[PDB]
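Inspection log for the structure reproduced underneath, given as structure tokens.
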Amino acid sequence: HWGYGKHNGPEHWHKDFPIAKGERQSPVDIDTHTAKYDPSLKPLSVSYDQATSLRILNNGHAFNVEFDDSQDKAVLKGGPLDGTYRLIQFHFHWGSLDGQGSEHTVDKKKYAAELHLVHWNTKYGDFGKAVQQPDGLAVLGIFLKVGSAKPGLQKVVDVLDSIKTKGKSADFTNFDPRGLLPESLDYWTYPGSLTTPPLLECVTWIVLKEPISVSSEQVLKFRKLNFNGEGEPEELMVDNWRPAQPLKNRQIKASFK
Ligand SMILES: CC(=O)c1ccc(S(=O)(=O)NC(=O)NC2CCCCC2)cc1
Ligand SMILES: [Zn+2]
């Protein structure tokens with residue numbers, strides 16, 4: 001099936017998933033100087049107090065921390081969003097080296113990695129139905145650079161030896177994702193897509209300006225992960241990112257001057 005190699009990589013995806021060359025594909029380059037401050041943007045409300053992690057999954061693409069999205073416990077609202085969006089999962093995309101890994105770029109700049117806190121609109125009832133809708137998902141994009149450790153990322157780093165290969169999963173309760181947030185909620189926003197197949201055009205994107213600092217050792221653990229399944233030739237999970245896509249008929253709004 002699809003992957004990130006020479007033969008199944010992003011440039012091959014359009015064959016099985018035509019929308020890949022569609023009209024609102026993610027990620028994009030964020031031209032910070034082309035983006036308009038939008039006064040009419042309401043403030044971003046990130047309400048992660050009752051957030052309930054359950055499991056961590058290696059799906060052979062990335063790893064997902066899954067949350068109990070059976071009630072309004074950890075929600076994204078305000079900003080550009082109309083209604084309430086439930087956190088289902090977060091995952092990263094990262095590089096073979098520190099000079100790459102991010103999917104979104106800022107004035108063509110690539111970060112070491114990028115966090116997707118994935119939420120779905122509660123008016124659609126569930127995630128599968130939400131991705132069928134243009135306003136179905138809100139993804140909170142956060143850039144990772146290498147420097148200081150993120151203390152609140154270490155619990156996730158420590159358990160990754162337990163989910164080394166495709167398919168493997170671990171109980172992962174009580175993780176507080178507020179420890180992955182930067183200081184500032186300043187953000188760009190655009191209409192966009194899932195960045196992997198099926199690349200559905202169901203995403204309101206919210207990328208924070210302020211990156212979080214992770215340690216080289218924290219990112220080195222992500223790179224020790226495996227695309228392949230247990231008992232298979234070792235392919236290291238690195239450069240699991242989609243390059244920037246054509247902006248087409250889209251304006252990127254900013255929450256700040
Ligand atoms: C753009 C973006 O953030 C996003 C892309 C795909 C999906 S999905 O297809 O609904 N999720 C998964 O089942 N897999 C996950 C995701 C892709 C890597 C981590 C693993 C969810 C969010
Ligand atoms: Zn993602």
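Chain labels run A, B, ... following the order of the structure tokens; each chain numbers its residues from 1, and ligands are numbered from 1 in the order shown.
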Would you mind listing what lies within 6 Å of segment 117-130 of chain A as an MDAnalysis selection string, with only C-alpha atoms counted and same-chain residues fewer than 4 positions away left out? chainID A and resid 84:90 136:140
Expected file contents, prior selection, N, CA and C atoms, as a PDB file, in the first residue's frame:
```pdb
ATOM      1  N   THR A  84     -18.172  22.852  18.321  1.00  0.00           N
ATOM      2  CA  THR A  84     -17.290  22.154  19.275  1.00  0.00           C
ATOM      3  C   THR A  84     -16.635  20.988  18.554  1.00  0.00           C
ATOM      4  N   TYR A  85     -15.324  20.860  18.731  1.00  0.00           N
ATOM      5  CA  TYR A  85     -14.490  19.846  18.054  1.00  0.00           C
ATOM      6  C   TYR A  85     -13.788  18.997  19.125  1.00  0.00           C
ATOM      7  N   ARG A  86     -14.085  17.694  19.160  1.00  0.00           N
ATOM      8  CA  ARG A  86     -13.499  16.733  20.131  1.00  0.00           C
ATOM      9  C   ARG A  86     -12.166  16.156  19.631  1.00  0.00           C
ATOM     10  N   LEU A  87     -11.121  16.288  20.464  1.00  0.00           N
ATOM     11  CA  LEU A  87      -9.827  15.568  20.383  1.00  0.00           C
ATOM     12  C   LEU A  87     -10.115  14.075  20.372  1.00  0.00           C
ATOM     13  N   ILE A  88      -9.717  13.410  19.284  1.00  0.00           N
ATOM     14  CA  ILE A  88      -9.751  11.925  19.109  1.00  0.00           C
ATOM     15  C   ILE A  88      -8.339  11.379  19.284  1.00  0.00           C
ATOM     16  N   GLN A  89      -7.330  12.118  18.821  1.00  0.00           N
ATOM     17  CA  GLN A  89      -5.934  11.607  18.781  1.00  0.00           C
ATOM     18  C   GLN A  89      -4.941  12.723  18.432  1.00  0.00           C
ATOM     19  N   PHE A  90      -3.669  12.519  18.768  1.00  0.00           N
ATOM     20  CA  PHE A  90      -2.552  13.346  18.267  1.00  0.00           C
ATOM     21  C   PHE A  90      -1.472  12.409  17.758  1.00  0.00           C
ATOM     22  N   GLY A 136     -15.382  19.196   8.981  1.00  0.00           N
ATOM     23  CA  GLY A 136     -15.514  17.957   9.758  1.00  0.00           C
ATOM     24  C   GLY A 136     -14.460  17.825  10.837  1.00  0.00           C
ATOM     25  N   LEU A 137     -13.230  18.248  10.543  1.00  0.00           N
ATOM     26  CA  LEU A 137     -12.078  18.136  11.468  1.00  0.00           C
ATOM     27  C   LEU A 137     -11.523  19.533  11.711  1.00  0.00           C
ATOM     28  N   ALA A 138     -10.940  19.722  12.889  1.00  0.00           N
ATOM     29  CA  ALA A 138      -9.990  20.810  13.207  1.00  0.00           C
ATOM     30  C   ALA A 138      -8.675  20.164  13.658  1.00  0.00           C
ATOM     31  N   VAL A 139      -7.576  20.443  12.974  1.00  0.00           N
ATOM     32  CA  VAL A 139      -6.260  19.893  13.399  1.00  0.00           C
ATOM     33  C   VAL A 139      -5.433  21.058  13.946  1.00  0.00           C
ATOM     34  N   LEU A 140      -4.931  20.901  15.172  1.00  0.00           N
ATOM     35  CA  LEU A 140      -4.020  21.882  15.812  1.00  0.00           C
ATOM     36  C   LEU A 140      -2.587  21.495  15.442  1.00  0.00           C
TER      37      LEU A 140
END
```
Counting only C-alpha atoms, what is within 12 Å of residue 233 of chain A, bar same-chain residues fewer than 4 positions away, as an MDAnalysis selection string? chainID A and resid 165:166 226:229
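Atom to atom, atom CA of residue 74 of chain A and atom CA of residue 180 of chain A stand 13.8 Å apart.
Atom CA of residue 179 of chain A is found 23.8 Å from atom CA of residue 99 of chain A.
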Name each residue within 6 Å of ligand 1, counting only C-alpha atoms and all ligand atoms, as a CSV table (one decimal) with N, CA and C atoms, in the first residue's frame.
```
chain,number,residue,atom,x,y,z
A,61,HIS,N,2.6,4.2,9.9
A,61,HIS,CA,2.7,5.5,9.3
A,61,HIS,C,3.3,6.5,10.3
A,62,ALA,N,2.7,6.6,11.5
A,62,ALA,CA,3.2,7.4,12.7
A,62,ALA,C,2.8,6.6,13.9
A,63,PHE,N,2.7,7.3,15.1
A,63,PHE,CA,2.0,6.8,16.3
A,63,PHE,C,1.0,7.8,16.8
A,64,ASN,N,-0.2,7.2,17.1
A,64,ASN,CA,-1.3,7.9,17.6
A,64,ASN,C,-1.5,7.7,19.1
A,91,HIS,N,-0.6,12.9,16.9
A,91,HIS,CA,0.5,12.2,16.3
A,91,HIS,C,1.5,13.2,15.7
A,116,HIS,N,0.1,17.0,15.3
A,116,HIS,CA,-1.3,17.2,14.8
A,116,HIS,C,-2.2,16.7,16.0
A,118,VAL,N,-5.7,16.2,16.6
A,118,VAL,CA,-6.8,15.9,15.7
A,118,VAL,C,-8.1,16.0,16.4
A,139,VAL,N,-7.6,20.4,13.0
A,139,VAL,CA,-6.3,19.9,13.4
A,139,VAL,C,-5.4,21.1,13.9
A,194,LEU,N,-6.7,16.1,5.4
A,194,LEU,CA,-5.8,15.1,5.9
A,194,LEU,C,-4.5,15.1,5.1
A,195,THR,N,-3.3,14.9,5.7
A,195,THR,CA,-2.0,15.0,5.1
A,195,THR,C,-1.6,13.6,4.7
A,196,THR,N,-2.4,12.6,5.0
A,196,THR,CA,-2.2,11.2,4.5
A,196,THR,C,-3.4,10.7,3.8
```
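Atom pair atom CA of residue 33 of chain A / atom CA of residue 250 of chain A has a distance of 14.8 Å (rounded to one decimal).
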Can you list, as a VMD selection string, all residues belonging to segment 46-137 of chain A that DSSP tags as helix (DSSP H, G or I)? chain A and resid 122 to 124 127 to 130
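Restricting the calculation to only C-alpha atoms, the smallest distance between residue 147 of chain A and any of A:251, A:189, A:215, A:100 is found for A:215.
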